[PDB]
Every structure is written in structure tokens, then in C-alpha cells.
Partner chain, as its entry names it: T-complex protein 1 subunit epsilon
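The chain below stands alone and is given as C-alpha cells, in the form deposited without its partner chain.
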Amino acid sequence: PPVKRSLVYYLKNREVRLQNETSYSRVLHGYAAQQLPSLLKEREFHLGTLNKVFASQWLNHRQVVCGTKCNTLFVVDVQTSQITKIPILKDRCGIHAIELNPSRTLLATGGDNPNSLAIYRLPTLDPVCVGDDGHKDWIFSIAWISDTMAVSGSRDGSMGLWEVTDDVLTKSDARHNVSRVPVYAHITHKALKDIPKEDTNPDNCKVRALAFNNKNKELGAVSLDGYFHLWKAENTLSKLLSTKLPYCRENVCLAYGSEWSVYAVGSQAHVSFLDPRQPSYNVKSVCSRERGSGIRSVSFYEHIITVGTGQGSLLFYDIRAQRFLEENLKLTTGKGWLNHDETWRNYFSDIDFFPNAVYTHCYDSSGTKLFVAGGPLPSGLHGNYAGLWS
């Protein structure tokens, strides 16, 4: 017996209220995921003179926070383009990673000290706690394994595990009631564990991406020498396995698709699809064709993967069709802004535009609004880009 899957059944049944419920959920949102990329138009934001928006997420359907290579943190109201800056959390450089706990009660970011983790309350972005000392080097990644516990990776290859217990929250609240100036709660790593070091370059131990599989309570992790490390995260951080990525350079982004049990991983050219339990041959990869520029962020909306590239193009890949959506359909980031200091003067003397690399992008809670941000691809350049697409 075949499945009742046509949207016209759903529409007529809905006209009849004949159980037009979740049985059609995957059909409704899946259809949208294929259609939406062709309907999007760019709306750039006037951010001013900021360096590069390196991280961003939807706090709410209308609100996106942006974390910068230059340690300022702020909100873009995507509707009005209004800016509002947020406190930058210090210890007891830039905001290269940002994360939300699954309850959407806590925000996690890199701190003032690039080595230290920062926590804020959702939705107010009240500060919660001080920066730690678990990493001896910069915090390169974050992932929420419960609503009290988050794991953070680092450029030294260590992985700090943290718990914001109720005591941390109540201490922050009590302190904020006694003192008019915000005074933070104190935190320390519940565990500090290093990655297995493989046959690749021993100075390049950098752990640049993390993603939490809520179903198996597994934590995925990716290094820039090209290795994935898998950890159990039920109540504590525990190694399960480690394995090489099929593209072994510039793996700066990782996302986990709970509807497909698979992690999507970036690189200098390809998006790779991993179930970490499977052998290396069961790891299929699609090339962005924006070759030389790197994939710079990645995300899932039903069976469609959104790929932000170093050439500033956003590509959309269909798992089921095993191809990009349509002559691939791609948005491309506008000029944004660019500073003309001595560094540009020395090395980029005649370039007035950069194909603004998509350092961060995310879908709103409906998926109809795709926030996008970035800047120039090379390392010496200073020049933000941001724009909503809708």
C-alpha cells in the first residue's frame, strides 16, 4: 500500500480538517526548501566600519546576533537594519564561534580573551559567567550537549566541557540584583580532554568545528589538519572514534542534520557527508565549483543543504536529487564594505570589490528568511559584509 503524500490531498483534507497534521510536515517544509532559493532577494545592511562578521545566529524570527573578527558583538534587527551592541565577556582576537542551547535559554560565544568561553542568557543577552582557562590557545568551536552543558574546541586541539549549573545562573542573577553593574558568575571546565593526534601535521592540531547529535547524545568535532573526532556526551565528554575527512584542508564548518542522521562538513572545495559510525567509503562529497575559495559556512533546511562560499556565492544542494538546485542557482553576496588602509594599499592596490566570503549564514525559525554575513576572503583585509535574503 502506497503512502498518502500529495499536497492536494493535504489541501482538500485541510479544507475538511481531515487530520491535516504532522503526517504532512516533511512534505510541506521539503517543498518549501526546494522553492525558496529562487525567490530570495538581497538586502544589505549598513554595519559601518566593522572588520568581518565571522559568526551569526537567529535569536528569534526577527533578530540576528553577529560576532566579529574584531571582538565587537551586536544585534541586527533584520527588518529595520537597526544595530545594537552587546557587552563583550572578559576573563575572571575575535568571536570566531557562537551557539544556542536546544532550549534557546543560553547563548555561548568566544570571549574577549580568544582562549575563553562566554555565556549569555537568551533572549535578553544578560551576561552569565567569566572566561575560563581550560584552553591554552584560542576557542575555535562550540556545541550544546544539554541545556546546562556545552563543549568548546580550540586551536591547541583541547576540548573543554562546561556545565552552567543552576547555581551559576542563580549566582549571576543574585549578583545582578545586589550590584547595579553586571557582575558575572564563575565557571571551570567539568573536564579537559585532548583529541587523538594523527599522522598529519603536529602543529596544526586546531579543532575548528563542533556539532551535537541530540538523538544519540553524540558530539562531532572537526580539525583543520582534516580529522573528525567523535565523543559521547550523555553526562560527560568521552571519546568514541576518530577518522580522516575526505578533503583534508580548511575544514572550518560542520553541521548535523537530525532528519538525516548525517553531518555535513566543509573544506577548500567540497561539502562532505558523514555518519561518523560508518566506514570512510560511506562518506560522499559534492564540489562547490567555487574552487580555491573554500566553503565558509554550511546548514540544513529539510533535505536542502545551504553552502556559503569564499566566492561569496550561496549554493543549495538537494540530498535526494544529489545535485544543486536550479546551471546551479546561487545568490551572491553584495559588495558589503571595504577599508582602504595601508594593508590594502600594499597588497591589493587595485581591487575595489571582493567576492565576499560567506563566513556565516542561518535560516530563521520558518526557513523563509536566510541571514547571510561575511567579508573579503584574504587574511589581511578588513571589510564587513552583511545582508538578509528573503
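Residue numbers count along the first chain shown, from 1.
There is another form of the same protein, the form deposited with its partner chain bound; it is not shown, and what comes next is about it.
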The stretch from 133-141, 162-170, 236-244, 282-290 that lies within 4.5 Å of its partner chain in the deposited complex, judged by heavy atoms, is 133-141
The one option of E218, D156, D126, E250 with any heavy atom within 4.5 Å of its partner chain in the deposited complex is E250
| query | Using heavy atoms and a 4.5 Å limit, would one call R296 a contact residue for its partner chain in the deposited complex? | reply | yes
So in the deposited complex, is its partner chain close enough to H96 to count as touching (4.5 Å, heavy atoms)? yes
Query raised in the report: Can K69 be called a contact residue for its partner chain in the deposited complex at 4.5 Å between heavy atoms?
Result: yes
Going by a heavy atom distance of 4.5 Å, is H229 a contact of its partner chain in the deposited complex?
no
Within 49-65, the residues having any heavy atom within 4.5 Å of its partner chain in the deposited complex are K52, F54
